[PDB]
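>>> okay, here's the opening piece of the assembly, coordinates as they are in the complex:
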Amino acid sequence: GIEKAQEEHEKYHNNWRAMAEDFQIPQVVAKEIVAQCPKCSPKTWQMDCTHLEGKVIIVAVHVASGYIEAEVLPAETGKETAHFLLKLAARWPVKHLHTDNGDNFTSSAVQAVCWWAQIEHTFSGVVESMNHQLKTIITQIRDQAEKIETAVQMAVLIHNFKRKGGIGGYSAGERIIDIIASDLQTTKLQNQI
């Protein structure tokens, strides 16, 4: 167990999550094994903003499943970005936020929202891919809706519940539900044992 993980980290330098998965060890042991080497998550959310038809679309992505959430904005200020992040934190458990060097992602309202919701904001291949896929769905079903926001929300529905691709053969909504349920059971067993 612990000696086998020490042999694996000695040879190949695995991280603590991969050792805790493949060897079934409590995570404090794997964290201590990784912290003892001198040579060296189910709630990571990335965000971005893009433009289409002169409008501003803001896209958040859950990384462990590919789960999307999009919104249409009349302005690119900090208050509407803070409202988007506050609604996302009120809907899903958000813990570790990842963004880029933008003008709205460094703001007082966004900082107040992150402080109130206890989110760790970090700055910088997945978000560009999800924006590209969402744009292809938008151009695929554009002529079924009059306004742009109806086409955006229909693209979000088709992306989350109608595209069963990838390796496992699962859509994004079933993936994120199974991932957070399994993580919750693992935290319950680690608290009980």
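Cool, got the structure. Numbers count the residues shown, from 1 in each chain, chains lettered A, B, ... in the order given.
>>> And for the nearest residue to residue A:183 once chain neighbours are set aside, the neighbour number?
Nearest residue to residue A:183, sequence neighbours excluded (Cβ to Cβ, 6 or more residues apart in numbering): residue A:42, at 4.5 Å. In short, each C-beta sits where N, CA and C put it, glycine included. As a burial measure, residue A:42 scores 19 neighbours (other Cβ atoms under 10 Å).
>>> ok, now which ones touch residue A:42?
Contacts for residue A:42 were tallied using Cβ atoms under 8 Å, 6 or more residues apart in numbering; they are A:64, A:179-180, A:183.
>>> Tell me where chain A has strands.
Counting by DSSP state E, chain A has these strands, from start to end: A:44-52, A:55-62, A:67-73, A:96-99, A:120-123.
>>> for these, which one sits closest to residue A:150?
strand A:67-73 (9.9 Å; Cβ to Cβ).
>>> packing partners for that closest one?
In terms of contacts (3 or more Cβ pairs under 8 Å, 6 or more residues apart in numbering; DSSP states H and E), strand A:67-73 is packed against strand A:55-62, helix A:79-91, helix A:127-140, helix A:148-161, helix A:172-192.
>>> Nearest the middle, which residue of chain A would you pick?
Most central in chain A under Cα atoms, centre = their mean is residue A:62, positioned 2.3 Å from the mean C-alpha point.
>>> Throw the helices and strands packed on strand A:67-73 into TSV and include distance to residue A:1, thanks.
Below are those laid out as TSV (distance: least, Cβ to Cβ, whole Å):
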stretch	distance to residue A:1
strand A:55-62	32
helix A:79-91	37
helix A:127-140	37
helix A:148-161	39
helix A:172-192	15
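>>> Could you say which of those is packed most deeply?
Counting by mean count of other Cβ atoms under 10 Å, strand A:55-62 has the highest mean neighbour count of the helices and strands packed on strand A:67-73, with a mean of 20.
>>> Note down every partner strand of that one and its orientation.
Sheet pairing for strand A:55-62, assigned by DSSP bridges, gives strand A:44-52 (antiparallel), strand A:67-73 (antiparallel).
>>> quick one on the thing from earlier: any idea how far the residue nearest to residue A:183 lies from residue A:63?
Distance, residue A:42 to residue A:63, by Cβ to Cβ, to the nearest Å: 9 Å.
>>> Quick check: end-to-end length of stretch A:158-177?
Stretch A:158-177 has its terminal residues 17 Å apart, counting by Cα to Cα, to the nearest Å.
>>> then add chain B to what we have above:
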Amino acid sequence: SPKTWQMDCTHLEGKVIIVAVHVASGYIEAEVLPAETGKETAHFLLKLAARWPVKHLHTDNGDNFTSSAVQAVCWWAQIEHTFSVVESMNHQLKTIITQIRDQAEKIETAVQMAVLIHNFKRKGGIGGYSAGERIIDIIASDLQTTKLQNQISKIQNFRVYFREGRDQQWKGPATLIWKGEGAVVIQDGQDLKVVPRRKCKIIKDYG
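Time to bring in chain B:
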């Protein structure tokens, strides 16, 4: 039923707040509409159906809930609509809004903070769970049942080429049943048999 949702609207400080409740868990989503026309109710329903799996919806006999836009949204998203819990959740959300009113200037930030408080900071019930853990566990268990019945046929769509004893030719494509660590169970000509692992080849055989 694990996919039943109820919707209503209410008034607070001269505004119109629309509230949707997942019934089997007590899960709350809410928004602030500028009016009570059918377009805003249909847009709220479209965002809700794009976020969570909605299959069966219950409402009252309202003026925006009985509308052509809401009927078009339900036709496109395949929801079963029925007209006549939400009043109790409105009561709870109003009390939480009066609890933390002084931390926010506008009504909208107070609404979203009250939604987060009710969903993730109010633990009770039997097991000691909040509403979000209940709704996640409910939809996960239902998905596991239906996907079990499909996954068995998916695993039986493989083909196995095996070898018996003291014959050096590879026998024909039996069907896989279970793959172990040292043995493989196959069905061959309506005969279930067990072969060692080093005498088998499991293909999908596109052809």
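>>> let's see the contacts of residue A:42 again after adding chain B.
Shown in contact with residue A:42 (Cβ atoms under 8 Å, 6 or more residues apart in numbering or on different chains): A:64, A:179-180, A:183.
>>> which one of the residues you listed is nearest residue A:3?
Nearest member of the contacts of residue A:42 to residue A:3, counting by Cβ to Cβ, is residue A:183, at 26.6 Å.
>>> Residues of chain A that sit close to chain B?
Within chain A, the residues that sit near chain B (Cβ under 8 Å from any Cβ of the partner chain) are A:69, A:83, A:86-87, A:89-91, A:93, A:116-117, A:149-150, A:153-154, A:156-157, A:160-161, A:173-174, A:177-178, A:180-181, A:184.
>>> how about a cut-off of 6 Å?
Neighbours of chain B within chain A, by Cβ under 6 Å from any Cβ of the partner chain: A:86-87, A:90, A:153, A:156-157, A:174, A:177-178, A:180-181.
>>> now these as JSON lines including distance to residue A:103?
As requested, the residues of chain A next to chain B are exported to JSON lines (distance: Cβ to Cβ, whole Å):
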{"residue": "A:86", "distance to residue A:103": "19"}
{"residue": "A:87", "distance to residue A:103": "21"}
{"residue": "A:90", "distance to residue A:103": "25"}
{"residue": "A:153", "distance to residue A:103": "26"}
{"residue": "A:156", "distance to residue A:103": "25"}
{"residue": "A:157", "distance to residue A:103": "30"}
{"residue": "A:174", "distance to residue A:103": "36"}
{"residue": "A:177", "distance to residue A:103": "35"}
{"residue": "A:178", "distance to residue A:103": "37"}
{"residue": "A:180", "distance to residue A:103": "32"}
{"residue": "A:181", "distance to residue A:103": "37"}
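>>> bridging residues for the closest residue to residue A:130 other than its chain neighbours?
Closest residue to residue A:130 apart from its sequence neighbours, by Cβ to Cβ, 6 or more residues apart in numbering or on different chains: residue A:61 at 5.1 Å. With DSSP bridges as the criterion, residue A:61 is bridged to residue A:46, residue A:68.
>>> show me what contacts residue A:61?
Residue A:61 sits next to A:46, A:68, A:127, A:130 when contact means Cβ atoms under 6 Å, 6 or more residues apart in numbering or on different chains.
>>> could you redo the last one with a cut-off of 8 Å?
A:45-48, A:67-69, A:126-127, A:130.
>>> Pull out the buried residues from those residues.
Buried by 16 or more other Cβ atoms under 10 Å in any protein chain shown: A:45-48, A:67-69, A:127, A:130, out of these.
>>> and of those, the nearest to chain B?
residue A:69 (7.3 Å; Cβ to the nearest Cβ).
>>> Chain C next, sequence below:
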Amino acid sequence: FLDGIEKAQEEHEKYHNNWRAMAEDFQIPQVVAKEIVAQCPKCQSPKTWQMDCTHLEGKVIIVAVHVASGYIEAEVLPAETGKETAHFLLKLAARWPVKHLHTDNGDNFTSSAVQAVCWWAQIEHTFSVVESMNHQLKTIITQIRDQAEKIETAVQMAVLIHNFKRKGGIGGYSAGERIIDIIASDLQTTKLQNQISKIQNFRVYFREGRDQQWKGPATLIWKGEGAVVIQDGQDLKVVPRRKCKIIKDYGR
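Take a look at chain C, now in place beside the chains above:
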């Protein structure tokens, strides 16, 4: 059966699903679902590699990367001529299916030996990901350098740790699982396309109910044990086998 085909066409008209999902959901054969996708107007690479050279400790390291999965093959060269680059490209093309090679405008890549290798192995060469792969490989090489005596051992140990020990992406897969899943899905597509062309070289005269005459020549899509699916008048329909005649067609 026909209810499954009608539900599949209405669901594709709403949401534009792919053919694997429609075949697994509505319980129809794959050639029928692929025809439903191929009849839509709005619905109409796994073999591309990139190459580069770099320097480390006075050596020359040549790196090839599969683009759609992130899969690395690397080697240490004694020089930087065109003959050694041609030998590396011939070994790579002999081990993995390479159809499209992307490089930069270096000297050793613009050479007669590399041109002869691309002519013999039928590769499309194009001059202009690998920078990120060189940086990632160099960080792993510095992370495990004290376990090896020579630079060649450290290079191959870093390639093994990159390909099989690092997990990331959507589902937490390594690069080897991703490249194998991608190439296997492409193989399934090409085998089904061969079956589709061989079936579609036929023709069907069918007789409807309450009539004695044969209708126009409809194209056969799927020929089962008791039923027959045909395309006629931009409409897919299921006829029983006792009211059909299938003949060969010569309309090249």
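>>> The contacts of residue A:42 again, this time with chain C added?
Residue A:42 neighbours (Cβ under 8 Å, 6+ apart): A:64, A:179-180, A:183.
>>> same check, this time on residue A:82
Here residue A:82 is in contact with A:107, A:109-110, A:112-113 (Cβ under 8 Å, 6+ apart).
>>> Enumerate the residues of chain A near chain C.
A:12-14, A:18, A:39, A:63-66, A:126, A:140-141, A:158, A:162-168.
>>> Apply 7 Å and report the result again.
Contacts of chain A with chain C, taken as Cβ under 7 Å from any Cβ of the partner chain, map to A:12-14, A:18, A:39, A:66, A:140-141, A:158, A:162, A:164, A:166-168.
>>> can you tell me which two in those are farthest apart?
The span of the residues of chain A next to chain C, defined through Cβ to Cβ, is set by A:39 and A:141 at 50.5 Å.
>>> what about those two, which has more around it?
A count of neighbours by other Cβ atoms under 10 Å in any protein chain shown puts residue A:141 above the other of residue A:39 and residue A:141, at 16 against 10.
>>> that older thread, show me just the buried residues among the contacts of residue A:82.
Buried members of those, scored by 16+ other Cβ under 10 Å, are A:107, A:109-110, A:113.
>>> Not counting stretch A:93-102 itself, show me its contacts.
Contacts with stretch A:93-102, where a contact means Cβ atoms under 7 Å, 6 or more residues apart in numbering or on different chains, come from A:41, A:43-48, A:88, A:105, A:117, A:119-124, B:120.
>>> Distance check, residue A:89 against chain C.
Using Cβ to the nearest Cβ, to the nearest Å, residue A:89 is found at 23 Å from chain C.
>>> got it, and residue A:9?
Separation of residue A:9 from chain C (Cβ to the nearest Cβ): 11 Å.
>>> Kindly report the same for residue A:159.
Where chain C is concerned, residue A:159 sits at a distance of 10 Å (Cβ to the nearest Cβ).
>>> which residues does that residue contact?
Shown here is residue A:159, whose contacts under the criterion Cβ under 7 Å, 6+ apart are A:68, A:133-134, A:137, A:172.
>>> Quick check: the farthest pair among those?
Taking Cβ to Cβ as the measure, the contacts of residue A:159 span a maximum distance of 12.7 Å, between A:137 and A:172.
>>> Near residue A:63, how many other residues are there?
Count around residue A:63 with other Cβ under 10 Å applied: 20.
>>> Run the chain-centre distance for stretch A:82-92.
13 Å (Cα atoms, centre = their mean, to the nearest Å).
>>> try stretch A:114-129
Centre-to-centre, stretch A:114-129 and its host chain are 8 Å apart (Cα atoms, centre = their mean).
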